[PDB]
Structure formats: C-alpha cells, structure tokens
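As provided, final25.cif (mmCIF, C-alpha atoms and all ligand atoms) reads as follows.
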data_coords
#
loop_
_atom_site.group_PDB
_atom_site.id
_atom_site.type_symbol
_atom_site.label_atom_id
_atom_site.label_comp_id
_atom_site.auth_asym_id
_atom_site.auth_seq_id
_atom_site.Cartn_x
_atom_site.Cartn_y
_atom_site.Cartn_z
ATOM 1 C CA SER A 1 85.104 126.745 215.881
ATOM 2 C CA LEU A 2 87.818 124.329 214.752
ATOM 3 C CA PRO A 3 89.567 124.656 211.359
ATOM 4 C CA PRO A 4 89.257 121.743 208.855
ATOM 5 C CA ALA A 5 91.764 118.938 208.247
ATOM 6 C CA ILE A 6 91.831 115.754 206.149
ATOM 7 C CA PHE A 7 93.496 112.400 206.932
ATOM 8 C CA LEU A 8 94.093 110.086 203.951
ATOM 9 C CA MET A 9 95.357 106.693 205.133
ATOM 10 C CA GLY A 10 95.456 103.105 204.000
ATOM 11 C CA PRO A 11 97.902 100.230 203.447
ATOM 12 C CA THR A 12 101.022 100.534 201.335
ATOM 13 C CA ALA A 13 100.354 100.479 197.556
ATOM 14 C CA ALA A 14 96.657 101.319 197.977
ATOM 15 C CA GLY A 15 97.073 104.502 195.942
ATOM 16 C CA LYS A 16 96.863 107.106 198.722
ATOM 17 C CA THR A 17 99.332 109.505 197.114
ATOM 18 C CA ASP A 18 97.350 109.217 193.884
ATOM 19 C CA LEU A 19 94.086 110.378 195.477
ATOM 20 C CA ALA A 20 95.825 113.069 197.534
ATOM 21 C CA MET A 21 97.128 114.741 194.385
ATOM 22 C CA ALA A 22 93.634 114.596 192.882
ATOM 23 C CA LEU A 23 92.100 116.240 195.953
ATOM 24 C CA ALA A 24 94.896 118.813 195.836
ATOM 25 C CA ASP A 25 93.461 119.904 192.480
ATOM 26 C CA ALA A 26 89.895 120.248 193.790
ATOM 27 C CA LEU A 27 90.481 122.141 197.032
ATOM 28 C CA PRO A 28 93.147 124.474 198.478
ATOM 29 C CA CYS A 29 95.174 121.843 200.310
ATOM 30 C CA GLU A 30 98.542 121.592 202.015
ATOM 31 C CA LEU A 31 99.934 118.079 201.521
ATOM 32 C CA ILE A 32 101.602 116.680 204.642
ATOM 33 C CA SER A 33 103.278 113.283 204.511
ATOM 34 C CA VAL A 34 102.699 110.846 207.371
ATOM 35 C CA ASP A 35 105.382 108.272 206.628
ATOM 36 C CA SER A 36 108.382 107.286 208.765
ATOM 37 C CA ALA A 37 110.295 106.360 205.612
ATOM 38 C CA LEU A 38 109.640 109.293 203.247
ATOM 39 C CA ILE A 39 111.285 111.618 205.768
ATOM 40 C CA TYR A 40 114.709 110.339 204.628
ATOM 41 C CA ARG A 41 116.751 111.954 201.865
ATOM 42 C CA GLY A 42 118.445 109.472 199.542
ATOM 43 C CA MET A 43 115.684 106.880 199.983
ATOM 44 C CA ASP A 44 113.353 107.578 197.068
ATOM 45 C CA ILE A 45 113.063 104.540 194.793
ATOM 46 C CA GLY A 46 112.685 101.888 197.482
ATOM 47 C CA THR A 47 110.204 104.054 199.400
ATOM 48 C CA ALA A 48 107.904 104.731 196.431
ATOM 49 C CA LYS A 49 108.535 108.428 197.013
ATOM 50 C CA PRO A 50 106.840 110.766 194.495
ATOM 51 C CA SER A 51 109.240 111.868 191.749
ATOM 52 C CA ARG A 52 111.029 115.206 192.020
ATOM 53 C CA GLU A 53 108.724 116.481 189.265
ATOM 54 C CA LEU A 54 105.546 115.387 191.039
ATOM 55 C CA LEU A 55 106.742 116.938 194.300
ATOM 56 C CA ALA A 56 107.345 120.207 192.468
ATOM 57 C CA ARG A 57 103.706 120.362 191.366
ATOM 58 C CA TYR A 58 102.392 118.705 194.543
ATOM 59 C CA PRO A 59 104.582 119.900 197.462
ATOM 60 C CA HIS A 60 104.640 117.602 200.507
ATOM 61 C CA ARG A 61 105.577 118.604 204.034
ATOM 62 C CA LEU A 62 107.744 116.184 206.045
ATOM 63 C CA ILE A 63 109.435 114.541 203.068
ATOM 64 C CA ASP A 64 113.245 114.680 202.748
ATOM 65 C CA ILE A 65 113.645 116.349 206.157
ATOM 66 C CA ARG A 66 116.228 113.987 207.673
ATOM 67 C CA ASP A 67 119.476 112.247 206.715
ATOM 68 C CA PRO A 68 119.476 108.414 206.978
ATOM 69 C CA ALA A 69 121.944 108.634 209.883
ATOM 70 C CA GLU A 70 119.299 110.467 211.927
ATOM 71 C CA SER A 71 116.350 109.167 213.943
ATOM 72 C CA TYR A 72 112.772 110.540 213.926
ATOM 73 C CA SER A 73 110.228 109.883 216.691
ATOM 74 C CA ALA A 74 106.427 109.944 216.700
ATOM 75 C CA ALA A 75 106.896 112.828 219.155
ATOM 76 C CA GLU A 76 108.851 114.824 216.586
ATOM 77 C CA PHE A 77 106.302 113.953 213.906
ATOM 78 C CA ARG A 78 103.577 115.267 216.205
ATOM 79 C CA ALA A 79 105.329 118.620 216.701
ATOM 80 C CA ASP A 80 106.243 119.012 213.019
ATOM 81 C CA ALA A 81 102.755 118.035 211.865
ATOM 82 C CA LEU A 82 101.059 120.435 214.278
ATOM 83 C CA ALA A 83 103.350 123.190 213.024
ATOM 84 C CA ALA A 84 102.696 122.421 209.363
ATOM 85 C CA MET A 85 98.937 122.257 209.965
ATOM 86 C CA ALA A 86 98.839 125.614 211.765
ATOM 87 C CA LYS A 87 100.961 127.165 209.011
ATOM 88 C CA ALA A 88 98.611 125.856 206.320
ATOM 89 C CA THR A 89 95.518 126.834 208.302
ATOM 90 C CA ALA A 90 96.778 130.413 208.709
ATOM 91 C CA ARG A 91 96.929 130.523 204.903
ATOM 92 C CA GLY A 92 93.381 129.220 204.479
ATOM 93 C CA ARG A 93 94.753 125.937 203.155
ATOM 94 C CA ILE A 94 93.278 122.613 204.238
ATOM 95 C CA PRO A 95 95.888 120.343 205.879
ATOM 96 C CA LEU A 96 95.802 117.055 203.985
ATOM 97 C CA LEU A 97 97.789 114.408 205.871
ATOM 98 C CA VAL A 98 98.472 111.423 203.631
ATOM 99 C CA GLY A 99 100.395 108.269 204.500
ATOM 100 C CA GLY A 100 100.326 104.900 206.221
ATOM 101 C CA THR A 101 102.392 105.258 209.411
ATOM 102 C CA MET A 102 99.571 104.639 211.880
ATOM 103 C CA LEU A 103 101.771 105.337 214.903
ATOM 104 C CA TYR A 104 102.119 108.897 213.614
ATOM 105 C CA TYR A 105 98.370 109.440 213.148
ATOM 106 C CA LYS A 106 97.864 107.987 216.640
ATOM 107 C CA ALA A 107 100.292 110.429 218.264
ATOM 108 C CA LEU A 108 98.471 113.314 216.566
ATOM 109 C CA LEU A 109 94.978 112.268 217.662
ATOM 110 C CA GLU A 110 96.095 111.152 221.122
ATOM 111 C CA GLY A 111 99.715 111.736 222.097
ATOM 112 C CA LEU A 112 93.765 117.929 218.030
ATOM 113 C CA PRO A 113 92.304 121.446 217.534
ATOM 114 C CA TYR A 114 90.870 120.526 214.129
ATOM 115 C CA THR A 115 87.628 119.132 212.727
ATOM 116 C CA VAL A 116 89.132 116.127 210.957
ATOM 117 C CA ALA A 117 87.623 114.149 208.084
ATOM 118 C CA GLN A 118 89.304 110.732 207.907
ATOM 119 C CA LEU A 119 89.584 108.873 204.610
ATOM 120 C CA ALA A 120 91.004 105.403 203.935
ATOM 121 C CA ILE A 121 91.665 103.626 200.653
ATOM 122 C CA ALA A 122 92.360 99.991 199.794
ATOM 123 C CA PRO A 123 91.199 97.229 197.413
ATOM 124 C CA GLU A 124 88.252 95.083 198.530
ATOM 125 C CA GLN A 125 90.317 91.952 197.909
ATOM 126 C CA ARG A 126 93.718 91.877 199.619
ATOM 127 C CA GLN A 127 94.974 89.616 196.829
ATOM 128 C CA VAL A 128 94.757 92.629 194.500
ATOM 129 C CA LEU A 129 96.938 94.655 196.875
ATOM 130 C CA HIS A 130 99.408 91.783 197.200
ATOM 131 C CA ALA A 131 99.919 91.425 193.452
ATOM 132 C CA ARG A 132 100.600 95.172 193.133
ATOM 133 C CA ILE A 133 103.042 95.048 196.040
ATOM 134 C CA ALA A 134 105.075 92.312 194.337
ATOM 135 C CA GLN A 135 105.003 94.031 190.951
ATOM 136 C CA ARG A 136 105.849 97.449 192.435
ATOM 137 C CA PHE A 137 108.807 95.951 194.320
ATOM 138 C CA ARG A 138 110.187 94.313 191.176
ATOM 139 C CA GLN A 139 109.924 97.626 189.348
ATOM 140 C CA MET A 140 111.859 99.375 192.137
ATOM 141 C CA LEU A 141 114.752 97.007 191.427
ATOM 142 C CA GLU A 142 114.478 97.941 187.751
ATOM 143 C CA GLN A 143 114.534 101.660 188.500
ATOM 144 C CA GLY A 144 117.724 101.558 190.553
ATOM 145 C CA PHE A 145 116.757 100.382 194.048
ATOM 146 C CA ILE A 146 120.008 98.447 194.430
ATOM 147 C CA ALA A 147 122.201 101.384 193.346
ATOM 148 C CA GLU A 148 120.270 103.574 195.772
ATOM 149 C CA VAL A 149 121.069 101.252 198.668
ATOM 150 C CA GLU A 150 124.676 100.827 197.521
ATOM 151 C CA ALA A 151 125.214 104.526 198.281
ATOM 152 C CA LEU A 152 123.837 104.026 201.807
ATOM 153 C CA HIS A 153 125.772 100.777 202.219
ATOM 154 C CA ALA A 154 129.002 102.618 201.406
ATOM 155 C CA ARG A 155 128.617 105.104 204.260
ATOM 156 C CA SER A 156 130.643 104.305 207.347
ATOM 157 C CA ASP A 157 128.180 106.323 209.436
ATOM 158 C CA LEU A 158 125.286 104.047 208.456
ATOM 159 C CA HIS A 159 124.636 100.441 209.442
ATOM 160 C CA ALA A 160 121.912 97.851 208.794
ATOM 161 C CA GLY A 161 120.447 98.293 212.267
ATOM 162 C CA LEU A 162 119.535 101.980 211.936
ATOM 163 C CA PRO A 163 115.903 103.221 212.104
ATOM 164 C CA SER A 164 116.055 104.475 208.506
ATOM 165 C CA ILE A 165 117.147 101.090 207.172
ATOM 166 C CA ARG A 166 113.948 99.621 208.645
ATOM 167 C CA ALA A 167 111.986 101.076 205.701
ATOM 168 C CA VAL A 168 110.558 97.916 204.088
ATOM 169 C CA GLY A 169 112.847 96.214 201.631
ATOM 170 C CA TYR A 170 115.988 98.163 202.512
ATOM 171 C CA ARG A 171 117.464 95.579 204.868
ATOM 172 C CA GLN A 172 116.961 92.845 202.258
ATOM 173 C CA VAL A 173 118.790 94.888 199.628
ATOM 174 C CA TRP A 174 121.460 95.699 202.247
ATOM 175 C CA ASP A 175 121.939 91.981 203.023
ATOM 176 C CA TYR A 176 122.140 91.204 199.305
ATOM 177 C CA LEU A 177 124.980 93.735 199.071
ATOM 178 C CA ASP A 178 126.666 91.998 202.026
ATOM 179 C CA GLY A 179 126.646 88.810 199.979
ATOM 180 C CA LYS A 180 124.287 87.091 202.417
ATOM 181 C CA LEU A 181 121.369 86.621 200.020
ATOM 182 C CA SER A 182 120.773 85.621 196.411
ATOM 183 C CA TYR A 183 118.976 88.049 194.103
ATOM 184 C CA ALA A 184 115.897 85.820 194.323
ATOM 185 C CA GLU A 185 115.866 85.656 198.143
ATOM 186 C CA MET A 186 116.335 89.410 198.398
ATOM 187 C CA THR A 187 113.338 89.887 196.109
ATOM 188 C CA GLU A 188 111.055 87.363 197.821
ATOM 189 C CA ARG A 189 111.874 88.594 201.325
ATOM 190 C CA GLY A 190 111.483 92.260 200.421
ATOM 191 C CA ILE A 191 108.016 91.498 199.081
ATOM 192 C CA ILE A 192 107.159 89.501 202.231
ATOM 193 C CA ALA A 193 108.327 92.403 204.391
ATOM 194 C CA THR A 194 106.086 94.790 202.432
ATOM 195 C CA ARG A 195 103.123 92.398 202.563
ATOM 196 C CA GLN A 196 103.775 92.169 206.324
ATOM 197 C CA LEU A 197 103.605 95.954 206.603
ATOM 198 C CA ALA A 198 100.210 96.034 204.849
ATOM 199 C CA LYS A 199 99.008 93.356 207.269
ATOM 200 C CA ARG A 200 100.044 95.497 210.257
ATOM 201 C CA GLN A 201 98.406 98.559 208.702
ATOM 202 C CA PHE A 202 95.133 96.712 208.103
ATOM 203 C CA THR A 203 95.171 95.605 211.731
ATOM 204 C CA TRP A 204 95.433 99.238 212.855
ATOM 205 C CA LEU A 205 92.793 100.396 210.377
ATOM 206 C CA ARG A 206 90.228 97.715 211.220
ATOM 207 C CA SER A 207 90.101 99.028 214.796
ATOM 208 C CA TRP A 208 89.993 102.708 213.786
ATOM 209 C CA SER A 209 86.765 104.676 214.075
ATOM 210 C CA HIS A 210 85.334 107.483 211.955
ATOM 211 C CA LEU A 211 86.844 106.179 208.708
ATOM 212 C CA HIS A 212 85.273 106.731 205.300
ATOM 213 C CA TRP A 213 86.469 103.847 203.128
ATOM 214 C CA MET A 214 87.172 104.005 199.419
ATOM 215 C CA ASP A 215 88.122 101.390 196.831
ATOM 216 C CA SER A 216 91.490 101.552 195.091
ATOM 217 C CA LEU A 217 89.891 100.127 191.954
ATOM 218 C CA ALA A 218 87.087 102.721 191.944
ATOM 219 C CA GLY A 219 87.378 105.367 189.245
ATOM 220 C CA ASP A 220 85.358 108.084 190.983
ATOM 221 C CA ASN A 221 87.007 108.433 194.386
ATOM 222 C CA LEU A 222 87.444 112.196 193.986
ATOM 223 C CA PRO A 223 83.706 113.023 193.844
ATOM 224 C CA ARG A 224 83.061 110.414 196.539
ATOM 225 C CA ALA A 225 85.676 112.007 198.795
ATOM 226 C CA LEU A 226 84.585 115.606 198.210
ATOM 227 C CA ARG A 227 81.069 114.496 199.118
ATOM 228 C CA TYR A 228 82.073 113.121 202.538
ATOM 229 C CA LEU A 229 83.505 116.387 203.910
ATOM 230 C CA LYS A 230 79.946 117.530 204.639
ATOM 231 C CA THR A 231 79.078 114.420 206.673
ATOM 232 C CA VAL A 232 81.743 115.246 209.284
ATOM 233 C CA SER A 233 80.237 118.736 209.525
ATOM 234 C CA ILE A 234 82.820 120.523 207.377
ATOM 235 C CA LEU A 235 81.760 123.318 205.036
ATOM 236 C CA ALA A 236 84.382 123.734 202.316
HETATM 237 CL CL CL B 1 105.141 105.995 201.411
HETATM 238 MG MG MG B 2 102.523 107.022 198.712
#
Show me this structure written as structure tokens.
Amino acid sequence: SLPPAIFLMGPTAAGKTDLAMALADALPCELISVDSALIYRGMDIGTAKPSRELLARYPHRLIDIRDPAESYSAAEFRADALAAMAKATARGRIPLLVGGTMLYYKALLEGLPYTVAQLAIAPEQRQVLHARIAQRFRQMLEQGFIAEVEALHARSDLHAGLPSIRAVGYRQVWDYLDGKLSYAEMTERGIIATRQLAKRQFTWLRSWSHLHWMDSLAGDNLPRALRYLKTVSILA
C-alpha cells in the first residue's frame, strides 16, 4: 500500500497558500513548498512569501533554504521533496505540496511511491486573476519591494543574470535601480512578467491529468477539497 500525499497547484495569485493553510487545520499535514522562488532567503516581499508569523503557525518545507547567490535544480527539488515527504509520512503526517513551479511537480511524478490527490485552484475568468496580479504587485512596492531588491543589488556576489533574480518582477526592480527604467515602466513590466508566468502555468495545467479543479472565488473550497480525497481512493 502507498502512503497518501496531496498536490495543491495553480497559477500565481490563485490563492493556493490560502487553501493549504485551511487544509492544514483540517488534517495532519506537512506543508511542502513547490516554488523555485520561495527557496531564497531575502526574497520575501516580491515573492509573496508567507509572513514570518504565518510560517510560524504554518511551517513550510523548502522555503528559505538557499542564499540568492546559489542555484537550485529540479533534481535537487526532487531529492529534497522526497526526503521531506518520507519524513512527514513516518510521522503519520500527510505531505501537502503547494506551489506553482510545474517543472518541480513534473520531476517528482516523472524525473512516486505515494497515492497522490492532485488539486488545482484558479478563477474561472482569467481577467479576475489578472486584476489581482496587478494589484498585488503594486502592494509589494508599497510594502518594501524596492528596498528588498536594493539589498540584493548592493551585493557584489549577485548580478541581474542569476537564477534567483529570475523570480518574476525582480529583474524589473533591479533595472529600475540601475537607472534603466522609470518607476512606471518597472511597474508595468513587472506585472506583464507575472501575467506571463500565469500564462505559462495555465499551459502546463491544461495538459495535466488527474486534476480536481477549484474556484478561487468559491467560499467552500475546504469541504470540497476534503471530499475529493476519497475519489482518488484515499482513506483519511
Ligand atoms: Cl509563491
Ligand atoms: Mg503562495
């Protein structure tokens, strides 16, 4: 028999982290982040990383595990995720992998000794997701996104071409700091970059099988999610 596992994916800004925390309060879960950007320390505001307080009450594996000067491959994610899942399983906890880095999920499924239930969340209308993406980005700037990048920009061991700086929006803020862009251009292009990411994620998701879709605007996703576990033959 194979131990249970949950995958919670979807495009950026869909509210995945929100639902993960809810599920974490209904079942004994072990939150595991599947995000090539959240792995970096010092990149919290621009990455929409859960606050230090929220992480305290909802611990996430694979968050803040690398310095921005370091690289992280899908191969390393695979090994770390398998380790975290086995560790949670041994404790009777249900591995709950939440995030939108499809390349990571792919490496795990292909290159799994688990009976996986796969959940996905997003708005029915992409226009709803787009508006939130623009608003969320503008708020990041208000909460100190620029100051956050200034600290990275000041490091001689970091440059704009690094893997870490590929996290959406960071390069635009970096260029702004280089005096190459106006505040307006930095904002518009960071939003475009993020909208572009969602587009790439949707492409991956539309071709993915065994996905139980949920609506970001729905108010009862918890009960709906808890109900699906049985469909995939998982008794929890
Ligand atoms: Cl994220
Ligand atoms: Mg999130």
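Note that the spacing between atom CA of residue A:10 and atom CA of residue A:211 amounts to 10.3 Å.
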(request) Produce as a ChimeraX atom specification the set of residues near ligand MG 2 (chain B), where near means within 12 Å with all atoms listed in the file considered. (result) /A:8-21,31-38,44-51,54-55,60,63,97-101,121,136
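Restricting the calculation to only C-alpha atoms, the smallest distance between residue A:133 and any of A:107, A:193, A:177, A:27 is found for A:193.
Against the coordinates shown, the PyMOL selection byres (((chain A and resi 116) around 8) and not hetatm) returns residues 4, 5, 6, 7, 114, 115, 117, 118 and 232 of chain A.
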(request) Would you translate the PyMOL selection byres (((chain A and resi 151) around 12) and not hetatm) into the concrete set of residues it matches in this file, as a ChimeraX atom specification? (result) /A:41-43,68,144-150,152-159,170,173-174,177
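Atom CA of residue A:78 sits 7.0 Å away from atom CA of residue A:104.
Among A:178, A:64, A:80, A:185, the residue with the shortest atom-to-atom distance to ligand CL 1 (chain B), counting all atoms listed in the file, is A:64.
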(request) Report as JSON, numbers by chain the residues that result from applying the PyMOL selection byres (((chain A and resi 164) around 8) and not hetatm) to the structure here. (result) {"A": [37, 40, 68, 69, 70, 71, 162, 163, 165, 166, 167]}
Just C-alpha atoms for this one: save the residues we selected as a CSV table (one decimal), in the frame of the given file.
chain,number,residue,atom,x,y,z
A,37,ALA,CA,110.3,106.4,205.6
A,40,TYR,CA,114.7,110.3,204.6
A,68,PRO,CA,119.5,108.4,207.0
A,69,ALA,CA,121.9,108.6,209.9
A,70,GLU,CA,119.3,110.5,211.9
A,71,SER,CA,116.4,109.2,213.9
A,162,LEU,CA,119.5,102.0,211.9
A,163,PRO,CA,115.9,103.2,212.1
A,165,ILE,CA,117.1,101.1,207.2
A,166,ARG,CA,113.9,99.6,208.6
A,167,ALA,CA,112.0,101.1,205.7
(request) Quick one: pull the distance between atom CA of residue A:92 and atom CA of residue A:56, Å, one decimal. (result) 20.5 Å
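Distances to ligand CL 1 (chain B) were evaluated for A:168, A:85, A:90, A:109 using all atoms listed in the file, and the minimum falls at A:168.
Counting only C-alpha atoms and all ligand atoms, the residue from A:197, A:235, A:218, A:22 that sits nearest to ligand CL 1 (chain B) is A:197.
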(message) From (114.3, 88.6, 199.5), in the file's coordinates, out to 12 Å: which residues are reached, counting only C-alpha atoms? Answer as JSON, numbers by chain.
(response) {"A": [134, 137, 138, 141, 168, 169, 170, 171, 172, 173, 174, 175, 176, 177, 180, 181, 182, 183, 184, 185, 186, 187, 188, 189, 190, 191, 192, 193, 194]}
Written file, previous selection with C-alpha atoms, as a compact mmCIF listing (two decimals), in the frame of the given file:
# COMPACT_ATOMS: atom_id res chain seq x y z
CA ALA A 134 105.08 92.31 194.34
CA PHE A 137 108.81 95.95 194.32
CA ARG A 138 110.19 94.31 191.18
CA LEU A 141 114.75 97.01 191.43
CA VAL A 168 110.56 97.92 204.09
CA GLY A 169 112.85 96.21 201.63
CA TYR A 170 115.99 98.16 202.51
CA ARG A 171 117.46 95.58 204.87
CA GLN A 172 116.96 92.84 202.26
CA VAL A 173 118.79 94.89 199.63
CA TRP A 174 121.46 95.70 202.25
CA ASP A 175 121.94 91.98 203.02
CA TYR A 176 122.14 91.20 199.30
CA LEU A 177 124.98 93.74 199.07
CA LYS A 180 124.29 87.09 202.42
CA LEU A 181 121.37 86.62 200.02
CA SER A 182 120.77 85.62 196.41
CA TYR A 183 118.98 88.05 194.10
CA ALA A 184 115.90 85.82 194.32
CA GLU A 185 115.87 85.66 198.14
CA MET A 186 116.34 89.41 198.40
CA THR A 187 113.34 89.89 196.11
CA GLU A 188 111.06 87.36 197.82
CA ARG A 189 111.87 88.59 201.32
CA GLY A 190 111.48 92.26 200.42
CA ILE A 191 108.02 91.50 199.08
CA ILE A 192 107.16 89.50 202.23
CA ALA A 193 108.33 92.40 204.39
CA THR A 194 106.09 94.79 202.43
